[PDB]
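S.K.: Quick one: the structure is below, and I'll ask about it shortly.
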Amino acid sequence: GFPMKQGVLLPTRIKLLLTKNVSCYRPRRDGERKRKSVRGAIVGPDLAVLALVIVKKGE
Amino acid sequence: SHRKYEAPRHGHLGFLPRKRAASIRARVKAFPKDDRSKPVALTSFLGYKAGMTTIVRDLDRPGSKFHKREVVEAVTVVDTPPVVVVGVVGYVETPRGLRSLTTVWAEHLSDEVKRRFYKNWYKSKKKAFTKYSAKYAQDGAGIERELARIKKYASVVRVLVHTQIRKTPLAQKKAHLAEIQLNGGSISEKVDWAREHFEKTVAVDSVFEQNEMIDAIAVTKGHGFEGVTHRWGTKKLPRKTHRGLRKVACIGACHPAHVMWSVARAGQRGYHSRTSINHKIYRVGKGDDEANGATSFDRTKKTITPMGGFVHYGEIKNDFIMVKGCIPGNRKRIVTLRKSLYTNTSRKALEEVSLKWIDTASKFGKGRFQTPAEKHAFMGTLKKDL
Amino acid sequence: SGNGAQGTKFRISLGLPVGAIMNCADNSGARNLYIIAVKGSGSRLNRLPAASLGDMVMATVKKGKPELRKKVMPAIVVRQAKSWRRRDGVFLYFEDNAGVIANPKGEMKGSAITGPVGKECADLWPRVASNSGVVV
Amino acid sequence: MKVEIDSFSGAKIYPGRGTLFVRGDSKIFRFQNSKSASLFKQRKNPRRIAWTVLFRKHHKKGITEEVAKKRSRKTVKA
RNA sequence: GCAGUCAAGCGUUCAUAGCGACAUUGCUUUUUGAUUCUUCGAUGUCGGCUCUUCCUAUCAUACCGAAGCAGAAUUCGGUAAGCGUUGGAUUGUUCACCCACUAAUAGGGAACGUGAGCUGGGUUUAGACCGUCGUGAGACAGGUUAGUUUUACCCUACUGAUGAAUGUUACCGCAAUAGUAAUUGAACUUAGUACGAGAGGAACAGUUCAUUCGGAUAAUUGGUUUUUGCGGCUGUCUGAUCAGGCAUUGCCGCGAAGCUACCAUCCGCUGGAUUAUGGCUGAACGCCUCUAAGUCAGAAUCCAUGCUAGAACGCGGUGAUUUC
RNA sequence: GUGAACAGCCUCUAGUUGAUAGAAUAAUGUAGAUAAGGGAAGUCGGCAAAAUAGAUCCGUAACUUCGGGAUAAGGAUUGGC
Ligand SMILES: [Mg+2]
Ligand SMILES: [Mg+2]
Ligand SMILES: [Mg+2]
Ligand SMILES: [Mg+2]
Ligand SMILES: [Mg+2]
Ligand SMILES: [Mg+2]
Ligand SMILES: [Mg+2]
Ligand SMILES: [Mg+2]
Ligand SMILES: [Mg+2]
Ligand SMILES: [Mg+2]
Ligand SMILES: [Mg+2]
Ligand SMILES: [Mg+2]
Ligand SMILES: [Mg+2]
Ligand SMILES: [Mg+2]
Ligand SMILES: [Mg+2]
Ligand SMILES: [Mg+2]
Ligand SMILES: [Mg+2]
Ligand SMILES: [Mg+2]
Ligand SMILES: [Mg+2]
Ligand SMILES: [Mg+2]
Ligand SMILES: [Mg+2]
Ligand SMILES: [Mg+2]
Ligand SMILES: [Mg+2]
Ligand SMILES: [Mg+2]
Ligand SMILES: [Mg+2]
Ligand SMILES: [Mg+2]
Ligand SMILES: [Mg+2]
Ligand SMILES: [Mg+2]
Ligand SMILES: [Mg+2]
Ligand SMILES: [Mg+2]
Ligand SMILES: [Mg+2]
Ligand SMILES: [Mg+2]
Ligand SMILES: [Mg+2]
Ligand SMILES: [Mg+2]
Ligand SMILES: [Mg+2]
Ligand SMILES: [Mg+2]
Ligand SMILES: [Mg+2]
Ligand SMILES: [Mg+2]
Ligand SMILES: [Mg+2]
Ligand SMILES: [Mg+2]
Ligand SMILES: [Mg+2]
Ligand SMILES: [Mg+2]
Ligand SMILES: [Mg+2]
Ligand SMILES: [Mg+2]
Ligand SMILES: [Mg+2]
Ligand SMILES: [Mg+2]
Ligand SMILES: [Mg+2]
Ligand SMILES: [Mg+2]
Ligand SMILES: [Mg+2]
Ligand SMILES: [Mg+2]
Ligand SMILES: [Mg+2]
Ligand SMILES: [Mg+2]
Ligand SMILES: [Mg+2]
Ligand SMILES: [Mg+2]
Ligand SMILES: [Mg+2]
Ligand SMILES: [Mg+2]
Ligand SMILES: [Mg+2]
Ligand SMILES: [Mg+2]
Ligand SMILES: [Mg+2]
Ligand SMILES: [Mg+2]
Ligand SMILES: [Mg+2]
């Protein structure tokens with residue numbers, strides 16, 4: 001279930017230190033941070049779900 | 001006295017003597033059983049070991065910690081361009097053993113096989129098989145009865161085929177001739193299949209199929225004269241010992257007062273024949289097929305031939321066998337592959353394997369790139385180039 | 001191996017001959033494990049009984065809790081360093097050679113296991129599965 | 001059948017190839033070969049080694065057209 | 001040292017399930033003794049290392065029969081030597097005795113197997129210390145320490161290697177005879193089933209691995225480096241530069257190709273006839289009986305199947321067969 | 001010249017280039033070497049081999065006939081410009 005995070009590269013998972021205003025973390029306290037796991041921004045078959053957005057309508 | 005600590009002997013007396021073999025072409029000492037009821041076809045094939053490579057495939061061993069998982073296995077690859085039938089032989093039961101009763105050869109004969117019947121080709125007048133080529137002139141007549149003789153008697157029948165060596169990147173020229181048992185119905189039906197194929201051609205896909213258990217037969221690589229230690233797996237004598245340590249200390253006991261047959265000695269290591277059983281075919285590839293190397297999963301267009309070629313061999317342009325694992329004899333050697341002599345219910349055999357990926361990366365180093373495609377795609381462009 | 005390990009160990013290159021000494025990976029007081037034999041291993045004059053991942057060996061303690069000293073107990077090899085290979089095609093090696101003292105029933109004596117652990121081993125002993133963190 | 005890359009050099013590692021190393025901190029390291037692996041054990045640093053991807057990105061070598069303009073924008077309104 | 005016979009006893013009862021007195025008859029030649037036939041114009045004894053073969057009075061493994069065999073376990077026996085019989089602490093030791101694994105860690109022969117095969121630790125020359133003895137030189141089957149292990153080119157045996165003569169020469173073949181090889185264990189499942197009051201507690205089929213052994217092979221991984229192949233380094237010498245020389249391969253990292261490793265991967269076949277033993281039919285002996293005639297089933301055995309040679313005085317088929 | 005140095009290694013002067021050859025590169029050797037993981041399990045016994053090594057600086061035990069032990073041990077640093 002871990003989410004992707006734009007621009008982390010790496011087809012693997014890693015454990016980043018996150019903050020306010022940043023993907024995959026909503027804080028719990030004024031100036032709190034948590035170090036959490038994240039899946040990369042490079043698609044693999046490890047992925048349960050891709051999330052995609054249309055920009056040109058085909059035929 | 002008796003030993004002190006019993007421990008098992010070295011070597012295997014079943015492989016004696018350990019002499020150089022009497023020909024590079026190990027001998028099909030035996031042939032599959034015959035059930036004359038299936039269609040008639042060949043029971044072996046002639047080849048040239050090109051080398052080995054690696055394969056990735058899933059596994060189907062319902063039980064094992066690697067069931068339905070990927071594994072990577074080594075595979076050799078023998079160069080196997082369609083053999084050509086040029087003669088036929090019928091044998092007979094005789095209270096002394098089997099006995100060749102006649103051969104019957106085709107009319108025209110490739111200089112490839114004619115080559116074989118010689119030692120100083122270029123000089124000779126190449127008269128081989130010209131008075132024989134006659135006997136067709138007259139209607140047939142003689143050739144007729146000969147075939148006809150075979151049918152009346154002949155308890156078994158073998159084909160005289162020969163490798164089309166010219167299609168093999170070898171430098172050899174002199175092609176390889178050999179007998180091959182025929183295991184299809186009725187001796188009479190057999191010789192017909194024989195006759196009908198003279199001058200003409202037989203291909204591997206008509207002898208062998210994917211996932212089928214085959215046996216290899218070839219003469220082992222050679223290593224010349226050998227110390228007792230390596231030739232027999234003998235313990236090194238300890239360091240302190242005068243006059244050498246790659247020996248045997250007690251070459252024999254007093255009585256019986258002779259060095260015996262059962263005790264190891266220094267001799268010729270290698271260049272033995274071996275019959276090697278139970279190898280499975282992982283691919284029966286066609287030469288009129290670009291992307292042999294490809295797979296249902298891989299898809300990229302590539303022949304099996306690794307970058308910069310097979311080390312020490314050539315480039316594999318024809319049809320081939322690919323066998324799970326390793327094969328007696330070395331690269332560029334004439335190899336026989338043979339239908340097995342019993343049907344195996346091995347589960348480990350019958351497993352219907354399916355390749356996922358075939359290593360195309362050069363074996364002249366630590367290769368990274370399968371295709372020059374893949375290469376140019378990764379490094380970018382260089383000081384030559386566009 | 002053997003008794004109390006459910007599962008089956010595919011062969012991996014031995015790398016721990018008798019007399020080798022390996023880091024103790026748990027917290028029993030034991031600091032090192034010195035190997036004196038290897039259950040299962042067999043006979044061939046002058047071969048040394050060697051052990052690999054998830055093997056069980058009789059061992060002693062050279063450095064550690066004076067109560068764990070001067071006697072012999074079973075133990076379980078969990079880290080290698082002698083590059084073995086799995087069926088998946090890869091050759092891999094740990095940084096040390098490491099074990100965790102255990103009872104015959106394959107049970108730990110330790111609270112947990114410091115450091116990473118071979119999966120070949122995890123699958124073998126359920127209680128090493130427990131106390132392990134990072135596996136392979 | 002994942003293909004991997006080299007923690008040192010950074011070149012693709014087809015299956016079976018190279019060597020894997022499991023460090024103390026439980027960090028992993030794949031090498032395509034003995035070559036990298038040695039340097040790695042030598043404590044050499046990738047960006048000082050000329051033929052390495054890590055090195056190459058840091059020094060901007062022949063990236064040319066990856067910093068070249070693409071075209072992917074549309075019109076919506078609804 | 002090993003094995004019998006008689007059967008008083010032991011064995012709750014009960015002679016012989018397992019044992020067995022008093023007597024008695026034997027085998028063995030890894031004990032020791034007795035002898036002194038052979039070796040004194042001589043050539044080391046101990047032990048180990050290594051390597052082969054053989055024996056069976058069989059520890060384990062295959063198939064059996066018996067039990068004071070409910071299961072599990074274990075004992076007694078039969079066919080059996082096909083196969084295996086390990087790793088260490090102290091000791092020069094054999095022996096001994098512990099630690100530990102193991103399926104089991106059986107016992108013996110081969111000039112008390114094996115020194116131009118090794119080692120030389122003990123013993124057993126010369127040096128030396130101590131104890132005991134002796135006036136003394138010296139002595140000790142007492143403790144100590146130090147102390148040169150020579151020759152193969154010959155014959156034969158063994159391993160491998162050529163090879164004249166049976167017209168020449170070439171290709172393809174058969175198979176006499178010889179050798180022959182595989183092994184042992186665990187886990188899952190059977191199944192907490194059979195049996196048992198309970199505690200406990202199996203096995204045949206099936207599957208997944210594993211040990212010891214063997215024969216290959218180098219895709220991969222590792223080792224190796226005179227590829228002196230590429231880069232680096234010291235010292236000096238070529239005026240400097242460029243590029244190189246020397247340092248018994250000067251040194252260092254990488255290093256292809258080969259060679260190579262349970263340090264790497266691959267492969268190791270299935271039929272028949274038997275043994276013991278349990279049986280069928282069945283007389284002898286109107287009954288009974290596996291046996292006398294005849295017959296069934298059966299083992300890590302045996303003969304094949306397979307595999308390795310291929311008789312250079314065993315051989316078949318086939319091609320071409322010379323003119324100055 | 002390097003360097004503590006009549007050491008090793010290279011060179012000037014002078015002196016040599018003498019020691020049967022040629023082709024190969026099997027086993028077994030002699031002499032020179034490296035080897036994964038383990039680390040005396042080898043062996044009568046660490047036999048052999050390997051590890052150490054210069055210099056500057058920090059640091060230095062028992063015991064002692066106070067002279068020692070002692071480079072004890074244990075450590076850092078070292079080119080070039
Ligand atoms: Mg014995
Ligand atoms: Mg005829
Ligand atoms: Mg060529
Ligand atoms: Mg081998
Ligand atoms: Mg030996
Ligand atoms: Mg000596
Ligand atoms: Mg290569
Ligand atoms: Mg030994
Ligand atoms: Mg202490
Ligand atoms: Mg965990
Ligand atoms: Mg390498
Ligand atoms: Mg640029
Ligand atoms: Mg009774
Ligand atoms: Mg009584
Ligand atoms: Mg006498
Ligand atoms: Mg009773
Ligand atoms: Mg009972
Ligand atoms: Mg019996
Ligand atoms: Mg020993
Ligand atoms: Mg000892
Ligand atoms: Mg004695
Ligand atoms: Mg005792
Ligand atoms: Mg005797
Ligand atoms: Mg003797
Ligand atoms: Mg002798
Ligand atoms: Mg001697
Ligand atoms: Mg002596
Ligand atoms: Mg003396
Ligand atoms: Mg004393
Ligand atoms: Mg002495
Ligand atoms: Mg001396
Ligand atoms: Mg000699
Ligand atoms: Mg001879
Ligand atoms: Mg002749
Ligand atoms: Mg259960
Ligand atoms: Mg009861
Ligand atoms: Mg290599
Ligand atoms: Mg250089
Ligand atoms: Mg310089
Ligand atoms: Mg000079
Ligand atoms: Mg000199
Ligand atoms: Mg080779
Ligand atoms: Mg293996
Ligand atoms: Mg083997
Ligand atoms: Mg067969
Ligand atoms: Mg076979
Ligand atoms: Mg038969
Ligand atoms: Mg009978
Ligand atoms: Mg009868
Ligand atoms: Mg009778
Ligand atoms: Mg004869
Ligand atoms: Mg002959
Ligand atoms: Mg004959
Ligand atoms: Mg003839
Ligand atoms: Mg001379
Ligand atoms: Mg030559
Ligand atoms: Mg010892
Ligand atoms: Mg020494
Ligand atoms: Mg070193
Ligand atoms: Mg120091
Ligand atoms: Mg400085």
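So you can find residues: chains in the structure tokens are A, B, ... in the order shown, residues in each start at 1, and ligands are numbered from 1 in order.
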Mind listing the residues within 10 Å of ligand 10, only C-alpha atoms (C1' of nucleotides) and all ligand atoms counted, as a ChimeraX atom specification?
M.R.: /C:116-117,129-135
S.K.: Can I get the selected residues back with N, CA, C and O atoms, as a PDB file, in the first residue's frame?
M.R.:
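Output below, filename out18.pdb:
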ATOM      1  N   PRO C 116      21.327  -8.391  10.614  1.00  0.00           N
ATOM      2  CA  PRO C 116      20.557  -9.062   9.553  1.00  0.00           C
ATOM      3  C   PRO C 116      20.728 -10.570   9.588  1.00  0.00           C
ATOM      4  O   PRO C 116      21.651 -11.056  10.228  1.00  0.00           O
ATOM      5  N   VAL C 117      19.856 -11.303   8.918  1.00  0.00           N
ATOM      6  CA  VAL C 117      19.867 -12.752   9.037  1.00  0.00           C
ATOM      7  C   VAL C 117      19.531 -13.434   7.699  1.00  0.00           C
ATOM      8  O   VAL C 117      18.711 -12.936   6.930  1.00  0.00           O
ATOM      9  N   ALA C 129      12.794 -17.074  13.004  1.00  0.00           N
ATOM     10  CA  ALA C 129      11.906 -16.198  12.240  1.00  0.00           C
ATOM     11  C   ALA C 129      11.413 -15.050  13.123  1.00  0.00           C
ATOM     12  O   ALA C 129      11.475 -13.871  12.741  1.00  0.00           O
ATOM     13  N   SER C 130      10.921 -15.431  14.299  1.00  0.00           N
ATOM     14  CA  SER C 130      10.521 -14.498  15.338  1.00  0.00           C
ATOM     15  C   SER C 130      11.556 -13.419  15.509  1.00  0.00           C
ATOM     16  O   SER C 130      11.460 -12.354  14.912  1.00  0.00           O
ATOM     17  N   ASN C 131      12.572 -13.740  16.300  1.00  0.00           N
ATOM     18  CA  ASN C 131      13.455 -12.748  16.896  1.00  0.00           C
ATOM     19  C   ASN C 131      14.287 -11.920  15.908  1.00  0.00           C
ATOM     20  O   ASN C 131      14.938 -10.941  16.300  1.00  0.00           O
ATOM     21  N   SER C 132      14.245 -12.303  14.633  1.00  0.00           N
ATOM     22  CA  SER C 132      14.982 -11.608  13.580  1.00  0.00           C
ATOM     23  C   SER C 132      14.292 -10.333  13.131  1.00  0.00           C
ATOM     24  O   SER C 132      13.069 -10.288  13.012  1.00  0.00           O
ATOM     25  N   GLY C 133      15.070  -9.303  12.845  1.00  0.00           N
ATOM     26  CA  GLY C 133      14.490  -8.117  12.255  1.00  0.00           C
ATOM     27  C   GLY C 133      14.583  -8.169  10.743  1.00  0.00           C
ATOM     28  O   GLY C 133      13.758  -8.798  10.064  1.00  0.00           O
ATOM     29  N   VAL C 134      15.609  -7.492  10.235  1.00  0.00           N
ATOM     30  CA  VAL C 134      15.976  -7.477   8.825  1.00  0.00           C
ATOM     31  C   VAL C 134      16.378  -8.849   8.341  1.00  0.00           C
ATOM     32  O   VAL C 134      17.432  -9.351   8.744  1.00  0.00           O
ATOM     33  N   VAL C 135      15.576  -9.458   7.471  1.00  0.00           N
ATOM     34  CA  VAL C 135      15.914 -10.798   7.000  1.00  0.00           C
ATOM     35  C   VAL C 135      16.400 -10.787   5.551  1.00  0.00           C
ATOM     36  O   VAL C 135      15.632 -10.516   4.622  1.00  0.00           O
TER      37      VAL C 135
END
S.K.: Return as a PyMOL selection string every polymer residue, whether protein, DNA or RNA, with at least one atom no more than 10 Å from an atom of ligand 5; count only C-alpha atoms (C1' of nucleotides) and all ligand atoms.
M.R.: (chain B and resi 10+228-229+232-238+245-251+264) or (chain E and resi 49-51)
S.K.: Near residue 76 of chain C, counting only C-alpha atoms (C1' of nucleotides), which residues have an atom at most 7 Å away, once you skip same-chain residues fewer than 6 positions from it, shown as a list in words?
M.R.: residues 54, 55, 56, 57, 99, 100, 101 and 102 of chain C
S.K.: Fewer than 6 positions away in the same chain doesn't count, so skip those; otherwise give me all residues within 12 Å of residue 55 of chain F, counting only C-alpha atoms (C1' of nucleotides), as a PDB file with C-alpha atoms (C1' of nucleotides), in the first residue's frame.
M.R.:
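The resulting out-v8.pdb:
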ATOM      1  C1'   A F   4      71.988   7.011   8.865  1.00  0.00           C
ATOM      2  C1'   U F  77      51.773  10.381  11.474  1.00  0.00           C
ATOM      3  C1'   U F  78      55.135   9.651   6.488  1.00  0.00           C
TER       4        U F  78
END
S.K.: Please find the residues of chain B near chain D - the criterion being any atom within 12 Å, counting only C-alpha atoms - and write them as a PyMOL selection string.
M.R.: chain B and resi 53-58+69-74+297-298+355-361+363+365-370+374-375+378-383
S.K.: Output the neighbourhood of ligand 60 as a list in words, that is, all protein and nucleic acid residues with some atom at most 8 Å from the ligand, counting only C-alpha atoms (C1' of nucleotides) and all ligand atoms.
M.R.: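 Listing the residues within 8 Å of ligand 60 gives residues 52, 74 and 75 of chain F.
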S.K.: Quick one, how far is atom CA of residue 43 of chain C from atom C1' of residue 212 of chain E?
M.R.: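 Separating atom CA of residue 43 of chain C from atom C1' of residue 212 of chain E is a distance of 6.7 Å.
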S.K.: May I ask you to write as a list in words all residues lying at most 8 Å from ligand 51, with only C-alpha atoms (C1' of nucleotides) and all ligand atoms counted?
M.R.: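 Residues satisfying the distance criterion: residues 176, 311, 313 and 314 of chain E.
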S.K.: Neighbouring residues of residue 177 of chain B were defined as those with any atom within 10 Å, considering only C-alpha atoms (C1' of nucleotides); residues of the same chain fewer than 6 positions away were excluded. Please report them as a ChimeraX atom specification.
M.R.: /B:25,46,83-87,112-114,116-117,160-164 /E:171-172
S.K.: Would you mind exporting N, CA, C and O atoms (P, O5', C5', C4', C3', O3' and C1' of nucleotides) of the selected residues as a PDB file, in the first residue's frame?
M.R.:
ATOM      1  N   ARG B  25      35.305 -39.433 -32.498  1.00  0.00           N
ATOM      2  CA  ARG B  25      33.872 -39.592 -32.550  1.00  0.00           C
ATOM      3  C   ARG B  25      33.464 -40.717 -31.649  1.00  0.00           C
ATOM      4  O   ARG B  25      33.434 -41.849 -32.088  1.00  0.00           O
ATOM      5  N   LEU B  46      23.973 -35.614 -35.474  1.00  0.00           N
ATOM      6  CA  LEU B  46      25.357 -35.225 -35.388  1.00  0.00           C
ATOM      7  C   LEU B  46      25.500 -33.750 -35.111  1.00  0.00           C
ATOM      8  O   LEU B  46      24.746 -32.934 -35.617  1.00  0.00           O
ATOM      9  N   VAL B  83      21.488 -32.885 -41.168  1.00  0.00           N
ATOM     10  CA  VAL B  83      22.334 -33.963 -41.611  1.00  0.00           C
ATOM     11  C   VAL B  83      21.798 -34.411 -42.954  1.00  0.00           C
ATOM     12  O   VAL B  83      20.662 -34.088 -43.285  1.00  0.00           O
ATOM     13  N   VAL B  84      22.598 -35.130 -43.737  1.00  0.00           N
ATOM     14  CA  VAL B  84      22.148 -35.606 -45.040  1.00  0.00           C
ATOM     15  C   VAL B  84      22.382 -37.104 -45.194  1.00  0.00           C
ATOM     16  O   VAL B  84      23.502 -37.594 -45.024  1.00  0.00           O
ATOM     17  N   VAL B  85      21.296 -37.820 -45.482  1.00  0.00           N
ATOM     18  CA  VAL B  85      21.286 -39.268 -45.682  1.00  0.00           C
ATOM     19  C   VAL B  85      21.957 -39.673 -46.985  1.00  0.00           C
ATOM     20  O   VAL B  85      21.573 -39.162 -48.030  1.00  0.00           O
ATOM     21  N   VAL B  86      22.937 -40.580 -46.944  1.00  0.00           N
ATOM     22  CA  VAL B  86      23.629 -40.981 -48.167  1.00  0.00           C
ATOM     23  C   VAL B  86      23.878 -42.465 -48.299  1.00  0.00           C
ATOM     24  O   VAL B  86      24.412 -42.901 -49.304  1.00  0.00           O
ATOM     25  N   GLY B  87      23.521 -43.254 -47.302  1.00  0.00           N
ATOM     26  CA  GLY B  87      23.697 -44.686 -47.443  1.00  0.00           C
ATOM     27  C   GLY B  87      22.834 -45.464 -46.480  1.00  0.00           C
ATOM     28  O   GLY B  87      22.314 -44.882 -45.541  1.00  0.00           O
ATOM     29  N   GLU B 112      31.776 -33.005 -49.407  1.00  0.00           N
ATOM     30  CA  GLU B 112      31.852 -32.984 -47.956  1.00  0.00           C
ATOM     31  C   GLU B 112      32.110 -34.366 -47.370  1.00  0.00           C
ATOM     32  O   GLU B 112      32.863 -34.498 -46.412  1.00  0.00           O
ATOM     33  N   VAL B 113      31.467 -35.389 -47.923  1.00  0.00           N
ATOM     34  CA  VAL B 113      31.626 -36.745 -47.412  1.00  0.00           C
ATOM     35  C   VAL B 113      32.718 -37.442 -48.152  1.00  0.00           C
ATOM     36  O   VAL B 113      33.449 -38.221 -47.577  1.00  0.00           O
ATOM     37  N   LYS B 114      32.813 -37.182 -49.445  1.00  0.00           N
ATOM     38  CA  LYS B 114      33.921 -37.709 -50.214  1.00  0.00           C
ATOM     39  C   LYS B 114      35.237 -37.355 -49.500  1.00  0.00           C
ATOM     40  O   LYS B 114      36.162 -38.175 -49.407  1.00  0.00           O
ATOM     41  N   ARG B 116      35.866 -37.244 -46.489  1.00  0.00           N
ATOM     42  CA  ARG B 116      36.069 -38.147 -45.368  1.00  0.00           C
ATOM     43  C   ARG B 116      36.922 -39.353 -45.735  1.00  0.00           C
ATOM     44  O   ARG B 116      37.781 -39.761 -44.948  1.00  0.00           O
ATOM     45  N   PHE B 117      36.708 -39.885 -46.942  1.00  0.00           N
ATOM     46  CA  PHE B 117      37.359 -41.113 -47.403  1.00  0.00           C
ATOM     47  C   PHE B 117      38.784 -40.893 -47.875  1.00  0.00           C
ATOM     48  O   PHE B 117      39.270 -41.601 -48.746  1.00  0.00           O
ATOM     49  N   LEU B 160      23.157 -44.086 -43.171  1.00  0.00           N
ATOM     50  CA  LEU B 160      24.433 -43.411 -43.274  1.00  0.00           C
ATOM     51  C   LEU B 160      24.185 -41.954 -43.616  1.00  0.00           C
ATOM     52  O   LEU B 160      23.896 -41.601 -44.768  1.00  0.00           O
ATOM     53  N   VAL B 161      24.283 -41.124 -42.586  1.00  0.00           N
ATOM     54  CA  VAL B 161      24.091 -39.695 -42.708  1.00  0.00           C
ATOM     55  C   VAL B 161      25.428 -39.001 -42.586  1.00  0.00           C
ATOM     56  O   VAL B 161      26.415 -39.644 -42.308  1.00  0.00           O
ATOM     57  N   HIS B 162      25.471 -37.694 -42.778  1.00  0.00           N
ATOM     58  CA  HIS B 162      26.722 -36.987 -42.583  1.00  0.00           C
ATOM     59  C   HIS B 162      26.514 -35.506 -42.372  1.00  0.00           C
ATOM     60  O   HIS B 162      25.653 -34.917 -42.998  1.00  0.00           O
ATOM     61  N   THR B 163      27.306 -34.892 -41.505  1.00  0.00           N
ATOM     62  CA  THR B 163      27.114 -33.474 -41.205  1.00  0.00           C
ATOM     63  C   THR B 163      27.388 -32.589 -42.414  1.00  0.00           C
ATOM     64  O   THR B 163      28.339 -32.824 -43.150  1.00  0.00           O
ATOM     65  N   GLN B 164      26.567 -31.561 -42.605  1.00  0.00           N
ATOM     66  CA  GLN B 164      26.870 -30.524 -43.581  1.00  0.00           C
ATOM     67  C   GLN B 164      27.844 -29.523 -42.997  1.00  0.00           C
ATOM     68  O   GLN B 164      27.449 -28.416 -42.645  1.00  0.00           O
TER      69      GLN B 164
ATOM     70  P     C E 171      40.285 -43.594 -42.525  1.00  0.00           P
ATOM     71  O5'   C E 171      38.726 -43.886 -42.707  1.00  0.00           O
ATOM     72  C5'   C E 171      37.903 -42.901 -43.307  1.00  0.00           C
ATOM     73  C4'   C E 171      36.567 -43.439 -43.742  1.00  0.00           C
ATOM     74  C3'   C E 171      35.740 -44.119 -42.688  1.00  0.00           C
ATOM     75  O3'   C E 171      35.102 -43.196 -41.867  1.00  0.00           O
ATOM     76  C1'   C E 171      35.632 -45.349 -44.677  1.00  0.00           C
ATOM     77  P     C E 172      34.877 -43.571 -40.348  1.00  0.00           P
ATOM     78  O5'   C E 172      33.722 -44.645 -40.420  1.00  0.00           O
ATOM     79  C5'   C E 172      32.504 -44.279 -41.013  1.00  0.00           C
ATOM     80  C4'   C E 172      31.627 -45.470 -41.229  1.00  0.00           C
ATOM     81  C3'   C E 172      31.256 -46.271 -40.000  1.00  0.00           C
ATOM     82  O3'   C E 172      30.258 -45.645 -39.226  1.00  0.00           O
ATOM     83  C1'   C E 172      31.785 -47.725 -41.780  1.00  0.00           C
TER      84        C E 172
END
S.K.: Would you please extract all strand (DSSP E or B) residues from chain A, as assigned by DSSP on the backbone, and give them as a PDB file with C-alpha atoms, in the first residue's frame?
M.R.:
ATOM      1  CA  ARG A  13      11.274   1.612  -1.578  1.00  0.00           C
ATOM      2  CA  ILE A  14      13.202   3.817   0.878  1.00  0.00           C
ATOM      3  CA  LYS A  15      12.667   5.577   4.192  1.00  0.00           C
ATOM      4  CA  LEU A  16      12.569   9.373   3.904  1.00  0.00           C
ATOM      5  CA  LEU A  17      12.298  12.102   6.528  1.00  0.00           C
ATOM      6  CA  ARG A  35      10.592   9.335   8.998  1.00  0.00           C
ATOM      7  CA  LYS A  36       8.422   7.012   6.944  1.00  0.00           C
ATOM      8  CA  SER A  37       8.736   4.526   4.068  1.00  0.00           C
ATOM      9  CA  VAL A  38       7.873   5.447   0.483  1.00  0.00           C
ATOM     10  CA  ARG A  39       7.796   3.672  -2.880  1.00  0.00           C
TER      11      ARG A  39
END
S.K.: Which residues are near ligand 28 - at most 8 Å, using only C-alpha atoms (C1' of nucleotides) and all ligand atoms? Format: as a list in words.
M.R.: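 The distance check yields residues 125, 126 and 127 of chain E.
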S.K.: Per residue of chain E within 7 Å of chain B, record the nearest atom pair and its distance in Å to one decimal, counting only C-alpha atoms (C1' of nucleotides), with rows in chain order and ascending residue number, as a tab-separated table.
M.R.:
residue	atom	partner	partner_atom	distance
E:50	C1'	B:249	CA	5.1
E:51	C1'	B:250	CA	5.2
E:52	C1'	B:263	CA	5.6
E:85	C1'	B:6	CA	6.6
E:109	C1'	B:1	CA	6.2
E:110	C1'	B:255	CA	6.2
E:113	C1'	B:253	CA	4.9
E:114	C1'	B:250	CA	5.2
E:117	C1'	B:249	CA	4.0
E:118	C1'	B:241	CA	4.8
E:157	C1'	B:258	CA	4.8
E:158	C1'	B:259	CA	4.9
E:159	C1'	B:265	CA	5.0
E:160	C1'	B:267	CA	4.5
E:170	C1'	B:117	CA	5.4
E:171	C1'	B:117	CA	5.3
E:173	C1'	B:100	CA	6.8
E:174	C1'	B:99	CA	5.3
E:175	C1'	B:97	CA	6.7
E:179	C1'	B:14	CA	5.7
E:180	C1'	B:14	CA	3.8
E:207	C1'	B:63	CA	6.4
E:208	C1'	B:64	CA	5.5
E:214	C1'	B:12	CA	6.6
E:216	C1'	B:328	CA	5.7
E:217	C1'	B:326	CA	5.3
E:219	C1'	B:53	CA	3.9
E:256	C1'	B:365	CA	6.1
E:265	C1'	B:74	CA	6.9
E:266	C1'	B:325	CA	4.8
E:267	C1'	B:277	CA	6.1
E:308	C1'	B:15	CA	4.5
E:309	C1'	B:17	CA	6.0
E:316	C1'	B:99	CA	5.2
E:317	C1'	B:100	CA	4.7
E:318	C1'	B:103	CA	6.4
E:319	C1'	B:128	CA	6.1
E:320	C1'	B:128	CA	5.4
